[PDB]
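Have a look at the structure below before the remarks.
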Amino acid sequence: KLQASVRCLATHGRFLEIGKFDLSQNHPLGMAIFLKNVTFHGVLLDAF
Amino acid sequence: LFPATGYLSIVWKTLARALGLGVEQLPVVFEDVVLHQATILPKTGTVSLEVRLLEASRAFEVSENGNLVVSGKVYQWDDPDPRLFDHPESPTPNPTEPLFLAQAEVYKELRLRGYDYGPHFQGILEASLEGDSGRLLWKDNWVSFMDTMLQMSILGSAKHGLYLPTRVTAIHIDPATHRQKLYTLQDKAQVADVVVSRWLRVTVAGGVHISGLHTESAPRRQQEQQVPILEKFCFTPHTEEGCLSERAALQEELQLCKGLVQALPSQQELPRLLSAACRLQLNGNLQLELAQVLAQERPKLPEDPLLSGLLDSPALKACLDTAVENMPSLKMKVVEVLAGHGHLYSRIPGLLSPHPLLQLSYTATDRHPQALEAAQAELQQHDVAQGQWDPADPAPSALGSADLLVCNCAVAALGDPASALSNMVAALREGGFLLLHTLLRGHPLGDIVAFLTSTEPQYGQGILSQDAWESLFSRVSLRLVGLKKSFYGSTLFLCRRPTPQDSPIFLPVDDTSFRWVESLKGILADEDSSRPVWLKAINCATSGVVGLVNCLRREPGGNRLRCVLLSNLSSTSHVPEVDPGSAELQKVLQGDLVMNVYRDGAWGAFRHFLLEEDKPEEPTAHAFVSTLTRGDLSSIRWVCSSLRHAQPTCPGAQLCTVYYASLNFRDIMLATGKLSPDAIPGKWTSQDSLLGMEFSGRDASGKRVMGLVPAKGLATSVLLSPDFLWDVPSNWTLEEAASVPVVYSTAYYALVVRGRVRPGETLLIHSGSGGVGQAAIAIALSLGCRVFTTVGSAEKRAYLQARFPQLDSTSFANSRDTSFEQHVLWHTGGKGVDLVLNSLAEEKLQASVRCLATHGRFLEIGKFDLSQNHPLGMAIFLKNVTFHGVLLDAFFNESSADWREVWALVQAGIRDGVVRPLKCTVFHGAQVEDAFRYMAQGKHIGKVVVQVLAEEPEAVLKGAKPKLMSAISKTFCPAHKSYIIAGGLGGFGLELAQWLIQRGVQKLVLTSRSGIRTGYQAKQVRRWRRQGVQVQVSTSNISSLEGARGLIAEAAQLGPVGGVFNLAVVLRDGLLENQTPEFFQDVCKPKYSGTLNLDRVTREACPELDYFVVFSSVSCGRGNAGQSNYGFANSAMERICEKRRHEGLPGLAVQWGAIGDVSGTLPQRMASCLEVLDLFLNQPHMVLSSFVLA
Ligand SMILES: NC(=O)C1=CN([C@@H]2O[C@H](COP(=O)(O)OP(=O)(O)OC[C@H]3O[C@@H](n4cnc5c(N)ncnc54)[C@H](OP(=O)(O)O)[C@@H]3O)[C@@H](O)[C@H]2O)C=CC1
Ligand SMILES: NC(=O)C1=CN([C@@H]2O[C@H](COP(=O)(O)OP(=O)(O)OC[C@H]3O[C@@H](n4cnc5c(N)ncnc54)[C@H](OP(=O)(O)O)[C@@H]3O)[C@@H](O)[C@H]2O)C=CC1
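As they're listed, the protein sequences go chains A and B.
So for the first sequence, UniProt numbering puts the first residue at 1752; every next one is plus one.
Counted the way UniProt numbering counts, the second sequence spans residues 885 to 1148, 1173 to 2066, 2081 to 2112.
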């Protein structure tokens, strides 16, 4: 699901990841998505 | 190359073997397929591939000799779903077009692109014009089927060039559903429908489903490309005097020589011999002492420019070609005499290489075996034979009867003129040629040689007066056909052995109904008769009889043909009379030469010569740097620019002069060949230079400006919108301003806009010594941030510590190594850095991601890792961090409203002193190659700029026009003009129109009798129309003058007529026996009459015409059997074009050998044809040719 949603992005898109499963398991994320200007966000509310 | 689908097949078979199932019972899924290299299949030998599987990780790997080739994931599809293969919702619901691409058209297009497939990979039976649907063949093969799916995906791409798969995200296969989907047509062949969805990026065809295909541009650079032979068709007078007048070296050498001759100094051998002769004694010189001297014993006299003058000149080529033409057979027998000293053997074979069919048997004969004992390997490399003939002695029978005889008596010594020529003629075949290169006694150089060389009478006897030679030729009953005389005395005789006088057959060929064809067809059929037939055209100056006779000579009975032509390009020049009792006819009959063309008071025949290799150059104010040969920095040279048809007046245009232009890393990558032209965002023409990104100069109003261009920033003029311009403050020099735009714009966009840097943060800026690094450091220090910067070397550290004093000794690290991770983490307390500007490689990039603190921000401005798609662990995101991919090029493609923010930021920086120009190293425009090499070295600190024009002290200059510069000439067309391509829907017409549109035509009229009748034509026309090109189809036949006038009027409505190209060909092949006058009329209707009517109408009401091209064929001039009418039509077109050019109007006629993509010569690829067409269009000659030898 996480890989599929990344393919939905447009140029100048922003990806807000709030789920903590793939991040914890440290799954790979191909950097080719960033040729399209894309901002990848790791959003955790606990930091506040 | 091994197909990627082949790798898929072998991996699938290995998995099937491992599981124990077959390949038709194992639905499979491929995930994250990555191809690292393309394995080349050698013609001989075999390549071993190794496939390894990791069942636990579901990962496979293919390797060749230990080098990884393919990697990815594979596993059996547990529960296949037939729904996955239902054809997706079509991108275009209702194309509503009956026309479609057939197989031949599809693969013609793929060939033009660069893909060369054979029958086993020609699986596309048909496809839609848009390329989003079709039908594929099933031959029980999987590699072919999936490769055909990839072909369907590639076909609809609008990107010209060769693209090969590099990554695929998912491939699903289901043999059961594949069998279900297959359906047989009327023939026994099985087919499967294919749908390509570009919106969803899926290709489904039967039982396969590719999702996420990625294709990267290939270099498309094939070694040993074609080298077409380029020629110019021109009239050579039979008699030429003062051949070498224009050349200066010969004149100066003669001044040096004959000055010494006065009263009884250079590197040339003859002047050195003269100086040595005069040195020993001023008076009373000994014949022996001057005859012999050191450095003169060698046979270097032929190497003297004077003694080799006429030979180097095209005159020798003219005589050799004339000898070649008048030959009853298709083979040459040339025997040389006194070859040891004459030395012609090194020259004659080289000149006759172009003739594709001619085969010659050269023989070098000399009096003594030791003579010519040297340079044996030089003879061996050619096909030449030894000879032992003494000119005084009768010729040996081994030489026998020969068609051509070459002497070079200027250097070699003839025993006795009369006896030597008697032996020659005795050896000369009936109806043969004698070639003689002598020095006329009584001329200056003749006198010089006479005073010298008096020791050897044999050589002395060689030097004779011209009248003596002419009289002697009569004595040996040898007739003279031509003479090539130099301005100092060198002469090149050419004599022909008379043939038994026979009654000739005369036939007027000037009938406009082509009824003479029957008359000649009757005559030539009498093969028993040996009398020659003398076709003569005297009524019209645009007859095509020359090509007719050229093509007939290949046909049976051709040896009996002879042509006469009266084509005077000047009306004032009197037309001669060829009545049987008139002199000229009898003299030419005595000549016995096939081609007898009279033009402006001089008999002669058309001949070929190789055009000058040097590329043409013209002065211009608009030129752009280009790499002529990809990847070779030595090929960088200035080329004329399309801005010549642009206006500074328009506001959105604002054509700006360029004083200084700067070079960035992208430019070096592009020129050196590492980076591809297609990788630069935007719609770029196939042929165009994409070098340069910023500049400085004077706006059309003289105000100084620094700009930002997507490309083409390196030229003498740039077409830029006002939104990408700034103003150079009164304190800055223009040299400095050119370094600001790209680096500071990208630095601001990366930090302020994306990273939202705030005062008091910590930054890790990589490669501080670079422009972007320096700009980032300057921006960071203005706010007050602590900055860690990585510099490769020590002098860079010194420069950065001197330039930015605020930096402390603990603010620097090492960039060439991954040890900056420990420096940053130690000096930060282990917390990290709040912002990272990274432009380093894979391992460096990974080491940088470990320097980010909580709430960090990683700015990526590099491209290697992104392009290669290296993985990035997502555990870094558990701590709040944002990963930005910063590409500044997106602004030129769109997002101007976003661009205004960066523009305001840069302007504020300039107005507040933050923006500071970098150090510059100016290289003059004439040494752009030097600048590229210097920046490729890698030692530059700052920016490397080019001074394309020196600055003036004035603040504002009213006229900022670029100074004229000499650069290569390229063909561009104004936007507002209209161009007519008669027969433009044919094979060559469509490609010519595509080429012209790339030069900016924008208004086209394509003429064809039937119209748009094929899918490919409709596809191309629709593509052109969508691009904003006002294409049109006429159906106005140019054979009828009314049709030509209507065609021109129709073109005039779009805009003023710019140029007309005639490519309308109707061909009816057949030998003379089959030919009939109706076929001749049909063949000559479009090309001869069409050209006549086009010329008339254009001279009438086409004032601005600048291009009048006409595509002839090599069958004309060169000759070809069974195409007499075609040659006649082409020759008539050539005559018309020659007439046009003489009156100042434009005109051209290109002769092509054979076009391949769409007579002993291989077909020529379209790209080479277009390059050659450009070159010919830029040259000043009337008729040109191009062909590729076998
Ligand atoms: N938004 C975007 O997409 C943009 C991308 N960029 C990219 O940002 C980066 C910064 O460009 P810029 O600073 O002007 O580059 P420069 O070439 O001006 O400076 C290069 C710096 O990095 C090092 N370096 C880079 N390439 C080489 C090389 N081939 N050989 C040796 N050293 C090299 C140098 O040595 P060292 O590090 O050892 O001191 C130096 O510090 C580039 O990769 C550029 O393409 C720039 C602008 C726009
Ligand atoms: N090997 C080669 O390709 C060589 C070809 N050439 C030259 O190349 C040129 C182009 O040939 P190419 O396009 O490849 O081959 P084509 O057979 O396609 O050339 C004929 C084209 O012109 C059209 N045409 C025919 N008659 C007329 C007419 N009366 N008025 C207008 N259009 C007409 C034809 O369409 P339609 O039938 O519907 O009218 C067709 O599109 C020709 O002029 C030929 O002399 C010469 C040297 C070598």
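Ideal Cβ positions, reconstructed from N, Cα and C, are used throughout, including at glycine.
Here the distance from the Cβ of residue 1922 (chain B) to the nearest heavy atom of ligand 2 is not below 7 Å.
For residue 1864 (chain B), the nearest beta carbon of chain A is not closer than 8 Å to its own beta carbon.
Following the DSSP letters along the chain, one finds residue 1287 (chain B) inside the alpha helix (DSSP H) bounded by residues 1284-1289. Where residue 1331 (chain B) is concerned, the enclosing alpha helix (DSSP H) starts and stops at 1325-1335. Between residue 1199 (chain B) and residue 1124 (chain B) the beta-carbon gap is near 34 Å, outside 8 Å, which marks them as no contact. Of all C-beta pairs linking the segment 1298-1318 of chain B to the segment 1238-1246 of chain B, three or more are shorter than 8 Å, placing the two stretches in contact.
At least one heavy atom of ligand 2 lies less than 7 Å from the C-beta of residue 1945 (chain B). Relative to the non-hydrogen atoms of ligand 2, the Cβ of residue 1255 (chain B) never comes closer than 7 Å to any of them. Distance from the CA atom of residue 2085 (chain B) to the CA atom of residue 1969 (chain B), rounded to whole angstroms, is 22 Å. Between residue 1719 (chain B) and residue 1902 (chain B), the alpha-carbon positions lie close to 57 Å from each other.
The segment 891-903 of chain B and the segment 1079-1088 of chain B do not touch, with fewer than three beta-carbon pairs separated by less than 8 Å.
The segment 959-976 of chain B and the segment 1021-1040 of chain B do not touch, with fewer than three beta-carbon pairs separated by less than 8 Å. Bridge pairing for residue 1950 (chain B): absent [DSSP]. Taking all protein chains in view, the Cβ of residue 1887 (chain B) is crowded by 16 or more other Cβ atoms within 10 Å, so the residue is classified as buried.
Shown in chain order are the members of the segment 1770-1781 of chain A whose Cβ falls below 9 Å from a Cβ of chain B: 1771, 1773, 1774, 1775, 1776, 1777, 1778, 1779, 1780, 1781. For residue 1757 (chain A), there are no neighbours in chain B by C-beta distance under 7 Å, as the nearest C-beta there is about 11 Å away. The secondary-structure analysis by DSSP pairs residue 1241 (chain B) across a beta bridge with B:1269. Within chain A, no residue has its CB atom less than 8 Å from the CB of residue 1541 (chain B), the nearest being about 27 Å off.
Under the 10 Å beta carbon count, residue 1715 (chain B) is surrounded by 16 or more other beta carbons and is classified as buried. Rounded to the nearest angstrom, the gap between the Cα atoms of residue 1566 (chain B) and residue 1870 (chain B) is 8 Å. At a cut-off of 8 Å between C-beta atoms, residue 1761 (chain A) does not count as an interface residue with respect to chain B. Residue 1760 (chain B) has its alpha-carbon roughly 11 Å from the corresponding atom of residue 1736 (chain B).
Close partners of residue 1786 (chain B) in chain A (Cβ separation under 8 Å): 1771, 1774, 1775, 1793, 1795.
Counting along the chain, the unbroken alpha helix (DSSP H) around residue 1985 (chain B) starts and ends at 1985-1992.
Rounded to whole angstroms, the Cβ separation of residue 1944 (chain B) and residue 1915 (chain B) is 6 Å, and the two are in contact under 8 Å.
Annotation: Cβ neighbours of residue 1790 (chain B) in chain A (cutoff 8 Å, chain order): 1790, 1791, 1792, 1793. Taking the Cα positions, residue 1542 (chain B) is about 19 Å away from residue 1855 (chain B).
Boundaries of the alpha helix (DSSP H) harbouring residue 1654 (chain B): 1649-1656, taken from the DSSP string. About 7 Å separates the CB atoms of residue 1775 (chain A) and residue 1786 (chain B); that is less than 8 Å, so the two are in contact. For residue 1805 (chain B), not one C-beta of chain A is nearer than 8 Å to its own C-beta. With distances taken between CA atoms, residue 1835 (chain B) lies nearest to B:1852 out of B:1364, B:1825, B:1852, B:1824.
One alpha carbon belongs to residue 1879 (chain B), the other to residue 995 (chain B), and they sit about 25 Å apart. Residue 1504 (chain B) is bridged by DSSP to B:1472. Nearest in C-alpha terms to residue 2032 (chain B), of all of B:2064, B:1997, B:1893, B:1976, is B:1976. Under the Cβ distance rule, residue 1768 (chain B) counts among the residues neighbouring chain A, one pair being separated by less than 8 Å. The nearest non-hydrogen atom of ligand 1 is 7 Å or more from the C-beta of residue 1072 (chain B).
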